[PDB]
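Coordinate inspection notes
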Amino acid sequence: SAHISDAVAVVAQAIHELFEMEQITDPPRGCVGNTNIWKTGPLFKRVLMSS
Amino acid sequence: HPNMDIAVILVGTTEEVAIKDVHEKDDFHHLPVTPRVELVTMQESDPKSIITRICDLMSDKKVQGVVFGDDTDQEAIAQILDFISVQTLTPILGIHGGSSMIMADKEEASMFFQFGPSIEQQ
Amino acid sequence: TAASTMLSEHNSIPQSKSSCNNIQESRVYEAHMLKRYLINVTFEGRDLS
Amino acid sequence: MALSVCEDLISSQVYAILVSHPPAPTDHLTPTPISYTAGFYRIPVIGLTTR
Ligand SMILES: *[C@@H]1O[C@H](CO)[C@@H](O[C@@H]2O[C@H](CO)[C@@H](O)[C@H](O)[C@H]2NC(C)=O)[C@H](O)[C@H]1NC(C)=O
Ligand SMILES: *[C@@H]1O[C@H](CO)[C@@H](O[C@@H]2O[C@H](CO)[C@@H](O)[C@H](O)[C@H]2NC(C)=O)[C@H](O)[C@H]1NC(C)=O
């Protein structure tokens, strides 16, 4: 519970810091029919690590 | 009577067709235990699709080994398969594509064969 | 060739229940020893080792 | 857990996933699959309890 609140807090800060960034494609809708990776996401990791 | 149950799968644009049949013709070879093979292909391969199909194939084939092959250039599929090895403890290997690509040193419990050159070897 | 060694090492059928949903077979355990034969696989005078 | 991801955790388009140890624990590293599953799509995963 102590970590939950904090982790989510960090996630929120990371996201709000993230969307300051631009031109991001939505993740693939559903597993079915998509053999391709998602360009958006590595970046989310990069901001989130630098929160 | 006394034959092992085996399955092989091909995915992506490439088609095995007659070559697989030739291998079976080629495959009888010399041996006391005979391979029993069930072949299925999938136009599309997915983490949910791939995971689903092989187990579904488990229900009828009840195969003691699996070979996976792909037309794909995606690295992640092999890792999913490692997870599957961990999940079902049935040998799986792959001859081409993603299954072939280099992967994280196999967890000892997991059983798995892929045609990928080792970093050290390279 | 792995199967060839099933014939030689223990005279035992490798065949096992394949279902993930179903509880894993206890005798699936034995396959672990089976892995070495698996590891030592060759054909056409060529190593798959 | 993984199937819960392809349809349950990806039909909905999560931007990230959190993972924690279950109340009843069997063996070790229970949260191995998710890191792989999200990883295919590069969806960031954050563990709470996995030391
Ligand atoms: C476990 O974590 C919970 C939640 O963080 C703690 O409950 C909080 O305790 C603080 C004490 O300063 C209170 O101010 C909060 O009102 C409580 N709930 C919250 C923070 O929402 C709990 O104390 C922790 N367990 C122990 C034994 O410390
Ligand atoms: C792979 O298996 C082959 C054949 O079983 C092994 O070759 C035999 O090695 C033993 C050593 O104890 C010799 O006594 C035999 O003469 C070899 N061939 C036979 C049985 O004719 C080979 O050693 C194995 N490779 C390993 C375990 O690394």
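Now for a description of the structure that goes with this document. (Residues numbered from 1 in each chain as written, not as in the entry; some residues may be left out. Chains lettered and ligands numbered in written order. Part of a larger assembly, values for the part shown. Heavy atoms only, no water. Residues with missing side-chain atoms left out of burial classes, pairs and counts.)

Along chain C, the regular secondary structure elements total 2 helices and 2 strands. For chain C, the sequential pattern of α-helices and β-strands runs α-α-β-β. (Helix = DSSP H or I, 4+ residues; strand = E, 2+ residues; numbered from the N terminus.)

A few words now on the overall build of chain A. For chain A, the count of helices and strands is 2 helices and 0 strands. Its C-alpha atoms give chain A principal-axis dimensions of roughly 40 × 25 × 15 Å.

Time to look at the interface of chain D and chain A. Counting residues at the interface gives 13 residues for chain D, matched by 18 residues for chain A. Its residues assigned to classes, the side of chain D that touches chain A comprises 10 nonpolar, 2 polar and 1 charged. (Contact = heavy atoms within 4.5 Å. Nonpolar A, V, L, I, M, F, W, Y, C, P; charged D, E, K, R; others polar.)

Take the environment of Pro28 of chain A next. Note on placement: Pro28 of chain A falls in the loop between helix 1 (2–18) and helix 2 (42–49). Separated by 12 residues in the primary sequence, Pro28 of chain A and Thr40 of chain A have C-alpha atoms spaced 10 Å apart. Ignoring any residue separated from it by four or fewer positions in sequence, one finds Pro28 of chain A in contact with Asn34 and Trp38 of chain A together with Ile10 and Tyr41 of chain D.

Attention now goes to the sheet that holds strand 2 (residues 34–42) of chain B. Strand order in the open sheet made by the 5 strands is 2-1-3-4-5 (chain B), with parallel pairing throughout. Strand pairing shows two members of the sheet lacking a second neighbour, strand 2 and strand 5 (113–114) of chain B, which therefore form its edges. (Pairing = 2+ DSSP bridges.)

All names here are of chain C. Taken N-terminus to C-terminus, the directions of helix 1 (residues 2–10) and helix 2 (residues 31–39) make an angle of 125°; their axes are 8 Å apart at the nearest point. By the angle between their axes, helix 1 is oblique relative to helix 2. In this structure, helix 1 crosses over helix 2, and the sense of that crossing is right-handed. Two secondary-structure elements touch here, helix 1 through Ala2, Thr5, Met6, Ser8 and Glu9 and helix 2 through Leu34, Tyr37 and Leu38. Across the contact of helix 1 with helix 2, the residue classes tally to 5 nonpolar, 2 polar and 1 charged. (Axes fitted to C-alpha atoms, helices over the stretch in contact; angles between N-to-C directions. Parallel < 35°, antiparallel > 145°, perpendicular 65-115°, else oblique. Left-handed = near helix turned anticlockwise from the far one by under 90°.)

This brings us to the packing of aromatic side chains. Judged by centre distance (6.2 Å) and plane angle (90°), the rings of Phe19 of chain A and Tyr15 of chain D are edge-to-face. Taken as a pair, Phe19 of chain A in the loop between helix 1 and helix 2 and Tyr15 of chain D in the loop between helix 1 (3–8) and strand 1 (17–19) lie in two separate chains rather than in one. (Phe/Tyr/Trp six-rings, centres within 6.5 Å; stacked < 30°, edge-to-face > 60°.)

What follows concerns the interface of chain A and chain B. Across the contact, 5 residues belong to chain A and 4 residues belong to chain B. A breakdown of the residues in the side of chain A that touches chain B according to their chemical character gives 2 nonpolar, 3 polar and no charged.

Once that is clear, we can look at helix 2 (residues 47–61) of chain B. The terminal C-alpha atoms of helix 2 of chain B lie 21 Å apart, and with 15 residues this matches the ideal 21 Å at 1.5 Å per residue to within 8%. Where helix 2 of chain B ends, the next residue or the one after it, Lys62 of chain B, has phi of about 50°, a positive value. (Expected span 1.5 Å × (residues − 1).)

Here we take up the state of the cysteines. Disulfide pairing is shown between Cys31 of chain A and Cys6 of chain D; the S-S distance is 2.0 Å. Here the S-S torsion is close to -70°, and the disulfide linking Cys31 of chain A with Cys6 of chain D is therefore left-handed. With one member in each of two chains, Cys31 of chain A in the loop between helix 1 and helix 2 and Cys6 of chain D in helix 1 form a pair that bridges those chains. A sulfur-sulfur separation of 2.0 Å characterises the disulfide bridge that pairs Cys55 of chain B with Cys20 of chain C. Across the S-S bond linking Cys55 of chain B and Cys20 of chain C, the dihedral sits near -75°, which makes this disulfide left-handed. In this pair, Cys55 of chain B sits in helix 2 while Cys20 of chain C sits in the loop between helix 1 and helix 2, so the two residues belong to two different chains. (Disulfide = S-S within 2.5 Å.)

If you want to describe how two helices pack, look at the angle between their axes and the distance between the axes. Residues and elements named next belong to chain B. Across the interface, helix 2 lies against helix 3 (residues 76–88) with an axial gap of 11 Å and an inter-helix angle of 40°. Between helix 2 and helix 3, the interaxial angle falls into the category oblique. At the point where helix 2 passes helix 3, the crossing takes the right-handed sense. Between helix 2, through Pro47, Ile50 and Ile51, and helix 3, the contact on the second element is made entirely by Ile77, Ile80, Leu81 and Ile84. Its residues placed into classes, the contact of helix 2 with helix 3 shows 7 nonpolar, no polar and no charged.

Despite not being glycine, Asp27 of chain D has its phi angle at roughly 55°, a positive value. Among the secondary structure elements, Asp27 of chain D is positioned in the loop between strand 1 and helix 2 (33–41).

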